[PDB]
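Accompanying notes for the structure given below.
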4 protein chains.
Amino acid sequence: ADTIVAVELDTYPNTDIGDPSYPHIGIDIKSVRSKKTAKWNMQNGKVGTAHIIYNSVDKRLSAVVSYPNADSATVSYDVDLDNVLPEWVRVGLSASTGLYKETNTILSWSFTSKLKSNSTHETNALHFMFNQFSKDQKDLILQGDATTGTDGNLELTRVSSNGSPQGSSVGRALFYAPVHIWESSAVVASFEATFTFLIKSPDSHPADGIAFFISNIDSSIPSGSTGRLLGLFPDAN
Amino acid sequence: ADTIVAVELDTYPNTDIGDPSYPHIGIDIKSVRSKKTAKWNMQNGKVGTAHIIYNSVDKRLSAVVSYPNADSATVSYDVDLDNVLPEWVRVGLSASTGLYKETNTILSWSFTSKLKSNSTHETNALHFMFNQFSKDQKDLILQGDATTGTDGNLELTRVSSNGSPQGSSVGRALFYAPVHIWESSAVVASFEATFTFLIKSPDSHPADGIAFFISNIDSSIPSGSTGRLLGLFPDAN
Amino acid sequence: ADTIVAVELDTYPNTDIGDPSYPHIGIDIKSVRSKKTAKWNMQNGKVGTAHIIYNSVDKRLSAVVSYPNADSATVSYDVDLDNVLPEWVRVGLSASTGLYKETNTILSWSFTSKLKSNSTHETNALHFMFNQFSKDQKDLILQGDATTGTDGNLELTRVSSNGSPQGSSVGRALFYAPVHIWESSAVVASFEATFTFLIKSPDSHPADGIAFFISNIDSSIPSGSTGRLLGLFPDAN
Amino acid sequence: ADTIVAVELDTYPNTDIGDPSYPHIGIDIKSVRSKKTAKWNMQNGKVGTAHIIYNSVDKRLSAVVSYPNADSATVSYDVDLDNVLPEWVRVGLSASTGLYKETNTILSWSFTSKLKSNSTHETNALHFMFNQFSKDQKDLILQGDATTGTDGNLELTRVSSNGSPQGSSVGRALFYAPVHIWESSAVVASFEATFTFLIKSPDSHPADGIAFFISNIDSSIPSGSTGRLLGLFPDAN
Ligand SMILES: [Ca+2]
Ligand SMILES: [Ca+2]
Ligand SMILES: [Ca+2]
Ligand SMILES: [Ca+2]
Ligand SMILES: [Mn+2]
Ligand SMILES: [Mn+2]
Ligand SMILES: [Mn+2]
Ligand SMILES: [Mn+2]
């Protein structure tokens with residue numbers, strides 16, 4: 001199977017696979033069963049912002065999610081990504097719905113990776129920023145139900161013309177260029193990602209959520225990864 | 001044929017195809033016959049730096065090349081790149097040798113593109129920076145004789161193990177992700193590129209040169225584009 | 001007197017000092033009588049964005065102003081800023097009102113300056129970005145009526161508690177650090193500025209406007225520079 | 001006294017004030033007696049590079065120092081800088097000599113600070129980069145023996161015309177603009193610094209070292225802070 005590291009914004013509590021009894025943010029290392037979670041006071045229909053940070057010196061993956069006029073949620077996990085991920089990866093966003101549903105709308109997405117070697121003035125870097133998505137966005141790989149250009153947004157899961165989110169949907173966007181997160185001369189490797197999102201549901205129980213993920217470069221949506229598996233995992237192990 | 005916009009660092013004067021009688025920097029719009037040139041006091045065996053800038057408001061492509069402890073050469077040309085290039089492009093470096101030869105070594109390469117729309121806080125951006133090239137650089141497309149990872153450099157043309165440059169060589173490196181240089185809501189589009197290079201020849205007459213270029217995304221080395229055609233053009237029209 | 005280079009967003013036509021008969025954007029070199037102007041379809045009560053760009057190779061100062069869902073206005077002027085400004089400057093925003101009035105509210109302001117020398121990998125750079133202004137913003141020099149921290153904005157001119165703009169007001173904000181825009185080894189010097197603004201008036205005839213400016217480091221508001229003089233000039237010469 | 005947070009590159013072991021028996025990198029929180037140290041294989045006469053990173057989510061100050069062709073040294077310390085430093089600070093470099101001496105030459109220095117609030121698209125940022133220092137560098141505050149512009153470098157301590165380092169010297173450079181490292185709406189605050197340095201001594205025992213530091217904005221060199229106190233502390237408590 002693929003190798004996945006993800007930060008989940010998990011809108012539906014699946015307590016049978018170890019979710020807490022509430023919407024939560026989590027850090028997923030090769031499993032949907034988050035290694036660490038925090039309570040998330042998700043706001044139906046409001047624009048939120050998520051920040052993800054990591055560096056190879058501290059080996060700590062951290063994330064913060066907030067809405068305007070509200071307190072943040074934060075989660076951290078100690079993990080050496082050089083022991084989990086290959087040296088070249090792709091980065092992306094994933095989302096799903098199941099019998100319960102929501103919009104999984106991405107309004108902006110930025111990413112920076114840096115690899116600093118012991119050579120004098122020797123940083124390698126990649127940065128991208130999308131504030132508007134176009135109908136034919138050639139620097140994104142869209143998978144499953146993901147589409148771009150409707151109001152300049154990335155719709156990770158299926159939405160009707162009238163704007164109703166559909167059930168049993170899964171979709172992903174990956175940046176086209178591979179990202180280098182380890183090199184033998186590297187003294188520090190870091191990355192940061194930010195995305196803004198709008199999760200709206202006509203229902204009291206939205207599902208299933210959005211994730212930022214890092215994967216092997218050839219990652220594809222696993223078979224049957226609608227609903228609680230967030231487009232990331234083939235099963236709940 | 002491909003569509004090419006390039007800044008050439010032209011080490012060998014081909015006066016029969018309109019080069020001036022000296023090494024020169026030039027701006028090439030869909031032809032090896034530069035629309036504008038400036039005299040370039042090329043230094044055999046020294047590390048040089050080239051800077052290329054453009055924006056869609058001024059519609060002027062400019063370049064500056066320098067060496068430490070020396071005066072710069074500069075060239076500019078008024079051109080609307082939205083009338084020359086497609087809306088999605090790839091960017092890259094090209095170099096060639098012919099019967100006369102030189103190393104075409106790239107020590108670093110950085111690039112930034114920005115597309116700002118009339119949406120409040122709506123920039124799209126791409127930035128990359130290579131200060132060290134690795135043996136298997138997955139975010140570069142290498143064409144022809146180009147190789148990476150020898151002393152952390154990009155060798156655009158063939159060099160022996162003993163470091164001797166070879167004749168009749170052509171090679172290109174392109175960044176893997178397409179670049180968006182026009183969008184219908186854009187109020188300003190810009191890019192900048194920088195590269196550092198080492199051109200060394202055992203001969204009094206080095207050839208043929210290095211170019212930074214922008215192309216259709218599917219660009220490949222034209223047949224017979226060794227020597228004076230710099231890996232960019234199928235003929236001298 | 002001070003030395004001033006400015007891009008004006010001029011909301012009130014003073015045809016006696018050479019304004020065109022309409023709101024306009026202009027480039028001001030040591031005079032309120034703009035060297036170049038363009039018609040500006042100013043929108044009372046809407047958030048606008050202005051972009052200013054310059055580099056020392058092309059020696060062209062350009063600006064673009066837009067609102068969402070509207071066409072942009074643009075103006076350019078050929079000028080060698082190394083012949084107008086000292087090598088060290090301060091950058092800032094200025095605004096004024098007179099007998100006619102408006103809010104001169106700044107919601108965000110960013111600035112980047114770069115000085116690249118002929119030394120290998122030798123850029124000097126300054127970048128700042130304000131998306132929220134605080135009540136005691138120590139990296140800004142406020143002059144005249146300018147205040148910060150009301151709704152996280154910079155109010156360049158006086159506004160009552162009920163939000164009514166006041167007449168006969170002038171105010172400026174300058175970034176605290178001086179900016180280096182020339183050095184003897186520089187091969188290219190550039191800057192870019194962006195700001196977002198909200199000009200609102202209860203009146204059919206708002207005045208007087210907002211400017212981005214570059215000045216000698218010790219610049220202060222000239223005596224009597226309310227109204228048409230935009231906080232920048234001591235007279236209309 | 002001032003409030004100081006510093007990363008020390010400590011070239012001389014003062015075992016009486018808790019240094020280990022070897023050159024070391026350390027994290028100093030309001031004391032020269034480092035809270036954490038790591039062995040540093042300092043290279044007399046070689047150019048080194050130091051990297052310092054921090055963020056408010058992980059509350060961990062980390063540093064890495066390396067030379068080309070050598071293994072790095074790294075040190076980390078868990079500390080909430082919002083409990084140590086004021087909300088506005090200055091950042092700088094410090095160095096000293098005593099009866100033992102060395103050059104404390106800075107070849108480049110860069111710094112980035114970011115404060116992200118819970119407002120949609122609301123980052124405040126400061127970035128500067130010096131690759132060449134000029135004789136009259138108006139965006140630096142020089143203290144004590146520090147000078148700029150000799151070969152484009154910052155000499156933190158006294159060096160003769162023939163290049164001999166002098167004993168009993170102390171000097172500091174601070175960036176002119178205050179830096180905002182806390183705000184009540186901040187969800188994440190971070191900074192990174194990099195500097196390149198050349199420590200050369202005619203002696204087998206160089207002293208005393210270089211530090212990157214963060215201070216109250218009005219910080220000055222403490223009386224008697226030559227030698228082991230690195231220009232940072234009034235005593236060895
Ligand atoms: Ca769940
Ligand atoms: Ca030629
Ligand atoms: Ca006017
Ligand atoms: Ca010591
Ligand atoms: Mn979960
Ligand atoms: Mn030519
Ligand atoms: Mn005017
Ligand atoms: Mn120590």
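These residue numbers are counts, starting from 1, taken along the chain as shown.
The deposited model was determined using X-ray crystallography, 1.5 Å.
Even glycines carry a Cβ here, placed using N, Cα and C.
What Swiss-Prot annotates here:
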type: BINDING; residues: D:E8, D:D10, D:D19, D:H24; note: Mn(2+) binding site
type: BINDING; residues: D:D10, D:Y12, D:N14, D:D19, D:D208; note: Ca(2+) binding site
type: BINDING; residues: D:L99, D:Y100, D:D208, D:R228; note: carbohydrate binding site
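Feature annotations (Swiss-Prot) mapped to structure.
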| residue | record | DSSP class |
| --- | --- | --- |
| D:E8 | Mn(2+) binding site | strand |
| D:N14 | Ca(2+) binding site | coil |
| D:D19 | Mn(2+) binding site | coil |
| D:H24 | Mn(2+) binding site | strand |
| D:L99 | carbohydrate binding site | coil |
| D:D208 | Ca(2+) binding site | coil |
| D:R228 | carbohydrate binding site | helix |
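Recorded residues D:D19 (Mn(2+) binding site) and D:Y12 (Ca(2+) binding site) have their alpha carbons 9 Å apart, per Cα-Cα distance. Distance from the CA of D:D208 (Ca(2+) binding site) to the CA of D:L99 (carbohydrate binding site) is 9 Å. The record gives D:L99, D:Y100, D:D208, D:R228 for carbohydrate. Within 8 Å of the mean position of their Cβ atoms, the other Cβ atoms in that chain belong to D:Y12, D:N14, D:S96, D:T97, D:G98, D:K101, D:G167, D:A207, D:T226, D:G227. Among the binding-site residues D:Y12, D:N14, D:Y100, D:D208, D:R228, the residue whose Cα lies closest in space to that of D:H24 (Mn(2+) binding site) is D:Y12.
Cβ crowding, taken as the number of other Cβ atoms within 10 Å, peaks at D:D208 among the binding-site residues D:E8, D:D10, D:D19, D:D208.
Close to the recorded Ca(2+) site, the chain also has D:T11, D:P13, D:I17, D:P23, D:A207, D:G209, D:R228, D:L230: residues not among D:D10, D:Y12, D:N14, D:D19, D:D208 whose Cβ is within 8 Å of the site's Cβ mean position. Reported as a whole number, the C-alpha separation between D:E8 (Mn(2+) binding site) and D:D208 (Ca(2+) binding site) equals 10 Å. In terms of Cα spacing, the binding-site residues D:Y100, D:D208, D:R228 that come within 10 Å of D:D10 (Mn(2+) binding site) are D:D208, D:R228. Packing around D:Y100 (carbohydrate binding site) is summarised by its Cβ count: 18 other Cβ atoms lie within 10 angstroms of its Cβ, all protein chains included. Rounded to the nearest whole angstrom, the C-alpha distance between D:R228 (carbohydrate binding site) and D:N14 (Ca(2+) binding site) is 7. Cβ neighbours within 10 Å of D:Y12 (Ca(2+) binding site), excluding its own Cβ and spanning all shown chains: 22.
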